[PDB]
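Down below is the structure, laid out as structure tokens.
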Amino acid sequence: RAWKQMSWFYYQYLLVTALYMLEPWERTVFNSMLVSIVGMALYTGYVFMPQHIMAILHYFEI
Amino acid sequence: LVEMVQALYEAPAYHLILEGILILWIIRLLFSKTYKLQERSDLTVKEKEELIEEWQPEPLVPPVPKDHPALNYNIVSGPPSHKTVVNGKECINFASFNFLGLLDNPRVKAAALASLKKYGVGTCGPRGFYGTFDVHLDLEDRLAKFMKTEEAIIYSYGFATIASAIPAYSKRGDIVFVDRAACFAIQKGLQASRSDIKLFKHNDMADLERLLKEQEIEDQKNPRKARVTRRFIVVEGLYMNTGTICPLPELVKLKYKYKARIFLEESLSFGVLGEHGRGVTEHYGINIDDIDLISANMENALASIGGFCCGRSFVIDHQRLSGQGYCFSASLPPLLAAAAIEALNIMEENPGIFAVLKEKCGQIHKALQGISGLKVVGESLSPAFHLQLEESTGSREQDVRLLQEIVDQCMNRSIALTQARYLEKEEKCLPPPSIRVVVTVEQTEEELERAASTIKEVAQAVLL
Amino acid sequence: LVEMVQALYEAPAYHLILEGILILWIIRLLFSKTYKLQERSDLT
Amino acid sequence: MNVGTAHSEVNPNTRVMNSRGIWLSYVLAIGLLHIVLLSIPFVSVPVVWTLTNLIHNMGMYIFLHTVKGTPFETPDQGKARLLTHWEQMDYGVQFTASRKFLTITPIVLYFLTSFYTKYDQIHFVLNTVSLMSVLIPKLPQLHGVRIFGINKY
Amino acid sequence: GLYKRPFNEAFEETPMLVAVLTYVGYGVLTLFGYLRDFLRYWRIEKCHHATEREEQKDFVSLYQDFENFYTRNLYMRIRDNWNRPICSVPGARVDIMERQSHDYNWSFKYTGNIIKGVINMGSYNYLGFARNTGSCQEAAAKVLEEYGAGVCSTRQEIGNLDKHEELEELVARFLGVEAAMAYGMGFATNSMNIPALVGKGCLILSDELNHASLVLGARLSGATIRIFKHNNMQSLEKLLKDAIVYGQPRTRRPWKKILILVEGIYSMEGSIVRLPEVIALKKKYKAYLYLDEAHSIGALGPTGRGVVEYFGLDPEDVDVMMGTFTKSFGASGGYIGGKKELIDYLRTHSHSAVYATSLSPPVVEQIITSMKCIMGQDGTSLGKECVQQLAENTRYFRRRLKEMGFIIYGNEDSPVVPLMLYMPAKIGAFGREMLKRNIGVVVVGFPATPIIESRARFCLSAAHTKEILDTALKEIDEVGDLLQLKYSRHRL
């Protein structure tokens with residue numbers, strides 16, 4: 001059930017971001033750029049921004 | 001002057017910026033070319049309503065005289081064929097563009113009937129939306145193989161073929177060198193595109209050379225514009241209005257000398273000229289690849305409704321997405337396409353019928369020579385040629401009336417002739433009134449001699 | 001508010017003059033109600 | 001698809017800036033660009049703001065005042081084969097809500113990036129040069145004129 | 001203008017988030033298109049395109065590359081939706097030849113197998129006359145055996161026949177006008193008869209959503225063309241007033257004529273023209289009316305007499321009535337109906353009357369047989385059940401689709417049903433997933449339409465039974481769940 005939901009959510013991401021019609025290596029380029037941006041943003045947020053959002057996330061998880 | 005610069009540098013910033021905006025104001029005033037009066041007047045509502053009520057529109061259609069000859073249509077009581085029945089009188093057909101005589105070939109009817117049983121009459125949609133059948137692709141491939149070209153495209157209406165092929169490639173700001181005596185289809189195609197049209201004398205390469213050299217000079221004036229301007233030469237293989245062939249080799253040499261592509265119209269020469277009936281290119285032996293685009297219609301020789309354009313994929317693939325008559329109209333009915341394919345098979349089977357047509361055209365052209373009041377206009381290889389008035393009266397109406405009187409007298413003598421029709425107001429170069437004579441492989445030699453004798457006697461009697 | 005006023009007071013004068021003329025340009029743009037067609041026609 | 005299948009307009013391009021949601025998408029694109037630039041760890045905030053201003057202005061100049069023509073074949077026979085997008089907008093009507101918005105936004109961005117860079121002169125010269133490079137073509141006087149014949153053809 | 005019946009239409013505006021996501025998708029496609037163009041420019045990636053021959057490299061390049069941008073970058077990616085060959089009569093069920101591509105839609109190759117029994121929602125046979133076995137086909141075969149296929153001369157010359165006269169009389173009786181004329185192409189009708197009526201110095205008020213034939217016909221003539229908003233009677237009235245009052249632009253003279261071009265049913269939008277308002281304004285301001293009835297001549301009306309029958313108006317009010325036999329009657333052709341003086345002037349001074357071949361003989365027989373069937377001259381109750389069946393199918397389909405939560409454009413009585421997708425990738429997705437479930441639809445993208453509005457059009461028919469409609473509705477609902485195409489706020 002969970003795996004099917006994840007597949008459907010990936011499908012919706014493809015349809016929304018118009019990656020559905022792009023060739024596989026173009027999808028690879030876009031995904032690599034996106035993951036690099038997200039990871040670097042999280043690293044910068046941890047280094048400089050106070051970890052108040054971290055406590056909120058931990059409380060939500062708990 | 002150095003002291004002035006030092007003093008200005010020692011001045012505060014606000015003073016300098018104010019002086020700068022003052023200088024900008026001075027420039028704006030000095031460049032205020034428009035002079036205004038501050039006078040504004042607006043119409044009163046009563047005056048507007050008075051103008052609305054006063055205006056009276058012209059009638060939609062101007063009153064037509066009852067003496068117009070084109071108002072009377074010839075009513076054929078049966079299929080238009082050899083030994084037809086026009087106006088209730090039996091006649092031999094010398095007026096319909098059916099050269100090869102494939103209209104009544106039983107094989108064509110059988111193929112059309114089979115495809116009618118398989119598919120029906122209507123296609124019900126454009127080529128994009130479920131309007132493409134396998135017969136259309138088969139016909140396109142057959143045309144491509146027959147003409148020794150890479151690709152071909154088929155339209156469902158002969159006029160639309162060229163009237164939509166020409167505007168697709170020619171845009172605003174380009175140059176088109178089109179023959180003077182070109183059919184109305186090419187004229188409307190050139191009007192649809194907004195390019196600049198240069199007209200040269202009928203079959204005069206001196207005028208073509210002169211116009212090309214003038215354009216070369218204008219290019220020397222401005223290279224940047226000449227880099228982005230394309231040049232086309234639109235000619236017809238066997239002319240409709242005049243009945244004379246065109247000199248391809250000189251056109252091809254001028255193409256390679258002056259960098260201008262060639263568009264060929266082969267409506268009349270597609271199935272009558274050349275050993276295998278591949279058009280004027282085969283008749284001259286010029287290579288098929290030299291001519292960019294070759295257009296024709298399937299209506300005259302193949303005896304079915306439609307048209308086509310053939311060439312390399314580089315030029316043809318553009319029309320599928322830019323041709324108006326192709327993108328925004330229903331596709332050809334399947335039975336017409338099957339009839340065209342069967343006609344192509346018959347043409348490819350026995351290529352001697354072109355020789356038969358050639359010899360019959362020669363016989364009739366030789367026999368017709370000698371009319372006192374009529375002059376033959378055309379060439380010995382043409383299947384359709386004109387008979388024009390040797391001595392022209394002052395007005396066109398009397399010329400048309402004399403020609404119509406001759407035509408009626410011939411019709412009462414069992415020869416069916418038609419007179420060439422034109423839009424008087426619209427045509428750029430309006431040809432003289434003429435009687436159109438068409439030759440078919442169906443007509444035997446004896447009928448040709450009898451027709452020559454009949455038209456000869458009738459012309460002698462009427463003109464005297 | 002007060003902090004913005006102090007920061008503006010700490011700015012150079014020519015900078016604030018430029019910003020003022022830009023604000024005037026924006027006002028002129030907003031109140032330029034007339035939509036000029038920008039076309040030229042000459043009689044034949 | 002072919003131009004004219006579902007709308008009679010010969011040039012759809014002229015209306016792409018009047019559509020529903022284009023303004024909000026443009027503003028959100030600017031915001032996302034600013035977030036991405038702030039994301040860089042070793043770059044100071046004034047540099048981030050001046051980079052945002054310069055990049056946005058350069059992209060806007062390229063898209064509106066450099067690329068000329070249309071990306072799709074148009075059935076008016078290449079009337080706008082030489083006009084840029086700013087000149088094509090609204091069929092040449094000089095003042096319109098879209099043109100007002102497109103002229104105003106760089107100025108507001110300039111105010112913000114000037115304040116957040118604490119009015120440093122080195123940043124000031126770059127910001128003013130970029131803002132002028134954007135704002136000069138927006139003038140109705142510079143309609144269909146090319147200086148020294150660059151980008152004429 | 002008085003409406004004897006309610007006039008209901010709903011054009012719901014797009015959700016805001018959907019618009020934002022649409023622009024995201026188009027921006028991504030534009031950027032990757034620029035990247036692909038740069039890669040192909042330096043020959044780093046081999047291009048699968050034809051190039052000019054080596055002898056002509058000196059010639060100025062034939063095409064401008066930027067014009068083909070959306071052809072290479074967007075159209076090629078989802079090219080497999082369009083140009084689908086078929087090998088059967090386009091009835092309720094059509095057989096589609098199957099093709100596959102391994103070059104990402106640059107080149108296509110045909111697999112041996114053919115898809116059979118595909119529900120056909122793309123064809124135009126509103127009244128279901130596209131049958132290979134029927135009385136009409138028998139009559140067409142009988143005429144084809146004798147007259148032959150195709151006539152080889154123009155109407156003014158020997159190319160005129162008796163069949164054409166019989167068809168013209170039948171059409172004149174059908175519409176109710178004094179006289180009518182028939183042409184061999186629906187496109188040619190407009191393109192070659194609009195220039196004859198109106199020339200330079202006149203005004204042609206054209207709708208915002210006219211077909212390409214009407215626009216081309218107006219452009220060929222030298223008349224001035226002004227465009228009013230789609231079914232916005234205020235805009236039409238304002239343009240009429242200003243045109244009459246201010247006169248010609250350069251020299252303030254009164255216009256020679258004012259002509260208003262409108263259509264019966266607009267295909268892609270699905271709306272029906274506000275005919276009573278148009279007729280009232282035409283009478284008030286002394287203008288002339290051109291009514292294109294390609295879609296409404298068979299679909300609309302209690303007896304399929306047109307849209308004037310649907311609204312109850314008098315046919316003598318509309319000046320020129322163009323129509324096409326392709327959609328409803330199942331045979332290719334066109335016609336213009338009006339008063340006798342109009343028809344005589346057109347017979348004398350029309351481009352296709354003088355320069356182009358007349359209709360085929362079997363096609364006119366098929367038109368005659370189908371039109372006689374609709375008239376009731378045959379005497380069989382068939383042909384009157386077709387209109388009722390089409391009306392019932394339209395009501396059922398539109399109501400059921402609207403109650404699922406979709407967005408649908410147009411009037412409640414228009415057989416064409418546009419369903420909105422709003423995104424570029426969802427165009428290709430919807431087309432492919434519908435074909436995978438054995439339904440054929442027509443999807444329309446950006447350059448044709450506004451940017452936010454990308455749609456899929458269903459053309460209902462009287463040949464569609466209830467089981468076919470139920471199957472199509474169930475599959476449409478499943479695909480709508482799959483792609484999340486239900487963007488309707490009111491219902492879901």
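Ligands are numbered from 1 in the order shown, chains are lettered A, B, ... in the order of the structure tokens, and residues start at 1 in each chain.
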Residues near residue 317 (chain B), cut-off 12 Å, only C-alpha atoms, skip fewer than 4 positions along chain, as a ChimeraX atom specification: /B:150-153,165,168-169,293,309-313,321-323,326 /E:49-51,63,71
Check: which chain B residues lie within 9 Å of chain C using only C-alpha atoms, as a ChimeraX atom specification: /B:13-14,17
How about saving the chosen residues, N, CA, C and O atoms kept, as an mmCIF file, in the first residue's frame?
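Output file result-v4.cif is given in full below:
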```cif
data_model
loop_
_atom_site.group_PDB
_atom_site.id
_atom_site.type_symbol
_atom_site.label_atom_id
_atom_site.label_comp_id
_atom_site.auth_asym_id
_atom_site.auth_seq_id
_atom_site.Cartn_x
_atom_site.Cartn_y
_atom_site.Cartn_z
ATOM 1 N N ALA B 13 26.924 68.104 -4.865
ATOM 2 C CA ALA B 13 26.334 67.145 -5.795
ATOM 3 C C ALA B 13 24.933 67.561 -6.229
ATOM 4 O O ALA B 13 24.556 67.369 -7.393
ATOM 5 N N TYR B 14 24.137 68.112 -5.307
ATOM 6 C CA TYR B 14 22.756 68.459 -5.639
ATOM 7 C C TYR B 14 22.704 69.535 -6.713
ATOM 8 O O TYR B 14 21.842 69.499 -7.598
ATOM 9 N N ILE B 17 23.386 67.769 -10.042
ATOM 10 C CA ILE B 17 22.280 66.938 -10.511
ATOM 11 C C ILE B 17 21.111 67.808 -10.968
ATOM 12 O O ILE B 17 20.415 67.477 -11.937
#
```
Backbone-only DSSP, alpha helix (DSSP H) members of region 94-240 of chain E, as a VMD selection string: chain E and resid 135 to 147 162 to 175 186 to 197 212 to 220 233 to 240
Could you produce a table of the residues of chain E lying within 6 Å of chain A, with the nearest pair of atoms per residue and their separation in Å rounded to one decimal, using only C-alpha atoms, ordered by chain and increasing residue number, as a tab-separated table?
```
residue	atom	partner	partner_atom	distance
E:25	CA	A:18	CA	4.8
E:77	CA	A:21	CA	5.9
E:425	CA	A:18	CA	5.3
```
Residue 12 (chain C) environment, 10 Å, only C-alpha atoms, sequence neighbours closer than 5 positions dropped, as a PyMOL selection string: (chain C and resi 17) or (chain D and resi 119-121)
What does the file look like for those residues with C-alpha atoms, as a compact mmCIF listing (two decimals), in the first residue's frame?
```txt
# COMPACT_ATOMS: atom_id res chain seq x y z
CA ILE C 17 17.64 62.20 -4.59
CA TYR D 119 23.94 51.96 0.72
CA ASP D 120 27.44 50.80 -0.17
CA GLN D 121 28.85 52.66 -3.18
```
Using only C-alpha atoms, find each residue of chain D with at least one atom at most 7 Å away from an atom of chain E; report its shortest atom-to-atom pair and that distance in Å (one decimal), sort the rows by chain and rising residue number, and return the result as a Markdown table.
```
| residue | atom | partner | partner_atom | distance |
| --- | --- | --- | --- | --- |
| D:1 | CA | E:448 | CA | 5.5 |
| D:2 | CA | E:448 | CA | 5.4 |
| D:3 | CA | E:448 | CA | 4.6 |
| D:4 | CA | E:448 | CA | 5.3 |
| D:5 | CA | E:448 | CA | 4.9 |
| D:6 | CA | E:449 | CA | 5.2 |
| D:7 | CA | E:209 | CA | 4.8 |
| D:8 | CA | E:209 | CA | 4.8 |
| D:12 | CA | E:447 | CA | 6.9 |
| D:16 | CA | E:451 | CA | 7.0 |
| D:20 | CA | E:19 | CA | 7.0 |
| D:21 | CA | E:19 | CA | 5.7 |
| D:25 | CA | E:20 | CA | 5.7 |
| D:70 | CA | E:67 | CA | 6.1 |
| D:71 | CA | E:67 | CA | 4.8 |
| D:72 | CA | E:67 | CA | 4.6 |
| D:73 | CA | E:67 | CA | 5.0 |
```
Store the residues picked out above in a file with N, CA, C and O atoms, as a compact mmCIF listing (two decimals), in the first residue's frame.
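Just written: selection.txt:
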```
# COMPACT_ATOMS: atom_id res chain seq x y z
N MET D 1 0.50 21.94 -31.35
CA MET D 1 -0.64 22.37 -32.15
C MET D 1 -0.39 23.56 -33.07
O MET D 1 0.55 24.33 -32.89
N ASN D 2 -1.27 23.67 -34.06
CA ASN D 2 -1.21 24.76 -35.02
C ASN D 2 -1.80 26.02 -34.42
O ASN D 2 -2.74 25.97 -33.62
N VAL D 3 -1.25 27.17 -34.80
CA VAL D 3 -1.80 28.44 -34.35
C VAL D 3 -3.11 28.70 -35.07
O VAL D 3 -3.19 28.63 -36.30
N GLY D 4 -4.16 28.99 -34.30
CA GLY D 4 -5.47 29.24 -34.86
C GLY D 4 -6.44 28.09 -34.78
O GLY D 4 -7.57 28.21 -35.28
N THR D 5 -6.05 26.96 -34.17
CA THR D 5 -6.97 25.83 -34.06
C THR D 5 -8.13 26.16 -33.13
O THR D 5 -9.28 25.82 -33.42
N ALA D 6 -7.86 26.83 -32.01
CA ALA D 6 -8.88 27.15 -31.03
C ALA D 6 -8.97 28.62 -30.67
O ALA D 6 -9.60 28.95 -29.66
N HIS D 7 -8.35 29.51 -31.44
CA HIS D 7 -8.43 30.94 -31.20
C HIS D 7 -8.01 31.67 -32.46
O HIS D 7 -7.02 31.30 -33.09
N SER D 8 -8.75 32.72 -32.82
CA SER D 8 -8.53 33.38 -34.10
C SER D 8 -7.30 34.28 -34.11
O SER D 8 -6.90 34.73 -35.18
N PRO D 12 -0.53 34.61 -30.65
CA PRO D 12 -0.84 34.38 -29.23
C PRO D 12 0.16 35.01 -28.29
O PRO D 12 -0.22 35.39 -27.17
N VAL D 16 0.49 36.53 -23.73
CA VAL D 16 0.97 35.60 -22.72
C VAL D 16 1.21 36.30 -21.39
O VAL D 16 1.23 35.66 -20.34
N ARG D 20 -4.06 34.56 -16.60
CA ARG D 20 -4.43 34.46 -15.19
C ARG D 20 -3.35 33.72 -14.42
O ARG D 20 -3.15 32.51 -14.60
N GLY D 21 -2.66 34.43 -13.53
CA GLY D 21 -1.64 33.85 -12.69
C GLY D 21 -0.22 34.07 -13.14
O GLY D 21 0.70 33.51 -12.53
N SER D 25 3.12 34.08 -10.59
CA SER D 25 4.21 33.17 -10.92
C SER D 25 5.53 33.91 -11.09
O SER D 25 6.58 33.42 -10.66
N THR D 70 8.90 35.08 -32.80
CA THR D 70 8.00 34.18 -32.10
C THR D 70 8.56 32.77 -32.11
O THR D 70 9.22 32.37 -33.07
N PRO D 71 8.31 31.98 -31.05
CA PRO D 71 8.79 30.59 -31.03
C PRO D 71 7.96 29.65 -31.88
O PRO D 71 8.37 28.50 -32.07
N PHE D 72 6.81 30.08 -32.38
CA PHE D 72 5.92 29.25 -33.18
C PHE D 72 5.59 29.98 -34.47
O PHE D 72 5.59 31.21 -34.53
N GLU D 73 5.30 29.21 -35.51
CA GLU D 73 4.93 29.82 -36.78
C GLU D 73 3.57 30.49 -36.67
O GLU D 73 2.60 29.89 -36.20
```
Within 8 Å of chain C: each chain D residue with its shortest pair, only C-alpha atoms, as CSV:
```
residue,atom,partner,partner_atom,distance
D:92,CA,C:38,CA,6.8
D:93,CA,C:37,CA,5.1
D:94,CA,C:36,CA,5.9
D:95,CA,C:35,CA,5.0
D:96,CA,C:35,CA,6.9
D:100,CA,C:29,CA,6.8
D:104,CA,C:26,CA,6.8
D:107,CA,C:22,CA,7.5
D:111,CA,C:19,CA,7.6
D:118,CA,C:11,CA,7.8
D:119,CA,C:11,CA,6.2
```
Exercise: residue 31 (chain D) partners within 12 Å, only C-alpha atoms, chain neighbours under 6 positions left out, as a VMD selection string: chain D and resid 24 to 25 37 to 38 49 52 to 53 56 109
Determine, for each residue of chain D having at least one atom at most 7 Å from an atom of chain B, the closest pair of atoms and their separation in Å to one decimal, counting only C-alpha atoms; order by chain and ascending number, as a tab-separated table.
```
residue	atom	partner	partner_atom	distance
D:2	CA	B:321	CA	6.9
D:77	CA	B:171	CA	5.0
D:78	CA	B:172	CA	5.8
D:79	CA	B:172	CA	6.7
```
Put those residues in a file: C-alpha atoms, as a JSON list (two decimals), in the first residue's frame.
```
[["chain", "number", "residue", "atom", "x", "y", "z"],
["D", 2, "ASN", "CA", -1.21, 24.76, -35.02],
["D", 77, "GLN", "CA", 3.22, 35.91, -42.46],
["D", 78, "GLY", "CA", 6.10, 37.00, -40.25],
["D", 79, "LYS", "CA", 4.94, 40.50, -39.37]]
```
Taking only C-alpha atoms into account, which residues of chain B are within 6 Å of chain E, as a short mmCIF file (atom, residue, chain, number, x, y, z; two decimals) with C-alpha atoms, in the first residue's frame?
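Once everything was written out, this is iface30.cif:
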```cif
data_model
loop_
_atom_site.label_atom_id
_atom_site.label_comp_id
_atom_site.auth_asym_id
_atom_site.auth_seq_id
_atom_site.Cartn_x
_atom_site.Cartn_y
_atom_site.Cartn_z
CA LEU B 51 -24.92 60.08 -37.91
CA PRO B 57 -25.30 50.82 -46.51
CA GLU B 58 -24.66 49.71 -50.06
CA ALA B 70 -21.58 33.24 -67.72
CA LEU B 71 -25.06 33.32 -66.18
CA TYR B 73 -24.64 27.29 -67.52
CA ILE B 75 -26.37 21.38 -68.45
CA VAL B 76 -24.86 17.98 -69.20
CA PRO B 79 -21.34 11.78 -67.36
CA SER B 96 -13.15 18.59 -70.84
CA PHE B 97 -9.64 18.12 -69.43
CA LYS B 117 -17.70 -0.69 -49.76
CA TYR B 119 -14.63 2.65 -46.06
CA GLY B 120 -17.65 4.69 -47.16
CA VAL B 121 -17.85 8.16 -48.64
CA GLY B 122 -16.75 10.54 -45.88
CA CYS B 124 -15.14 12.98 -41.09
CA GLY B 128 -4.65 15.27 -37.48
CA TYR B 130 -8.65 10.45 -37.00
CA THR B 132 -5.91 9.63 -41.92
CA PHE B 133 -6.63 6.32 -43.63
CA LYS B 259 20.69 31.77 -55.56
CA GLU B 299 -8.17 16.23 -61.59
CA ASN B 300 -7.11 16.68 -65.21
CA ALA B 303 -9.76 12.03 -63.28
CA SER B 304 -10.36 12.40 -59.54
CA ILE B 305 -10.70 15.25 -57.07
CA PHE B 314 13.17 18.96 -46.20
CA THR B 418 -16.15 25.60 -74.50
#
```
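Nearest to chain C of all the residues E:251, E:393, E:377, E:271 is E:251, based on only C-alpha atoms.
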Interface, chain A side, toward chain D (12 Å; only C-alpha atoms) as number ranges by chain: A: 33-34, 36-49
Point-to-point distance from CA of residue 307 (chain B) to CA of residue 337 (chain E), Å rounded to tenths: 27.2 Å
Per-residue nearest contacts of chain C to chain E (10 Å; only C-alpha atoms) as JSON lines:
```
{"residue": "C:41", "atom": "CA", "partner": "E:250", "partner_atom": "CA", "distance": 7.0}
{"residue": "C:42", "atom": "CA", "partner": "E:250", "partner_atom": "CA", "distance": 7.7}
{"residue": "C:43", "atom": "CA", "partner": "E:250", "partner_atom": "CA", "distance": 6.7}
{"residue": "C:44", "atom": "CA", "partner": "E:250", "partner_atom": "CA", "distance": 9.3}
```
Would you put the residues from that selection into a file with N, CA, C and O atoms, as a CSV table (one decimal), in the first residue's frame?
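Dumped everything to result-v4.csv:
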```csv
chain,number,residue,atom,x,y,z
C,41,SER,N,-0.1,57.3,-39.4
C,41,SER,CA,-0.8,57.1,-40.7
C,41,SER,C,-0.7,58.4,-41.5
C,41,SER,O,-1.0,59.5,-41.0
C,42,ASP,N,-0.3,58.2,-42.8
C,42,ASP,CA,-0.2,59.3,-43.7
C,42,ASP,C,-1.1,59.0,-44.9
C,42,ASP,O,-1.2,57.9,-45.4
C,43,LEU,N,-1.8,60.1,-45.4
C,43,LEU,CA,-2.7,59.9,-46.5
C,43,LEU,C,-1.9,59.6,-47.8
C,43,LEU,O,-0.8,60.1,-48.0
C,44,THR,N,-2.5,58.8,-48.7
C,44,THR,CA,-2.0,58.5,-50.0
C,44,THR,C,-2.3,59.6,-51.0
C,44,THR,O,-3.5,60.1,-51.0
```
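Taking CA of residue 45 (chain E) and CA of residue 107 (chain E) as the two end points, the separation is 17.0 Å.
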What's the 10 Å shell around residue 151 (chain D), counting only C-alpha atoms, without same-chain residues fewer than 6 positions away, as a PDB file with C-alpha atoms, in the first residue's frame?
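Done, and the output landed in out.pdb:
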```pdb
ATOM      1  CA  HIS D  65      14.525  43.062 -25.182  1.00  0.00           C
ATOM      2  CA  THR D  66      16.883  40.632 -26.958  1.00  0.00           C
ATOM      3  CA  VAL D  67      15.002  37.600 -28.291  1.00  0.00           C
ATOM      4  CA  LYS D  68      12.951  38.812 -31.251  1.00  0.00           C
ATOM      5  CA  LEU D  82      12.041  41.545 -36.178  1.00  0.00           C
ATOM      6  CA  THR D  84      11.227  41.912 -29.627  1.00  0.00           C
ATOM      7  CA  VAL D 145      15.074  51.761 -32.581  1.00  0.00           C
TER       8      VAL D 145
END
```
Atom pair CA of residue 288 (chain B) / CA of residue 263 (chain B): separation (Å): 12.2 Å
Shell around residue 338 (chain E) at 12 Å using only C-alpha atoms, local window under 2 positions removed, as a PyMOL selection string: (chain B and resi 60-61) or (chain E and resi 168+171-173+175-181+289-291+315-323+335-336+340-346)
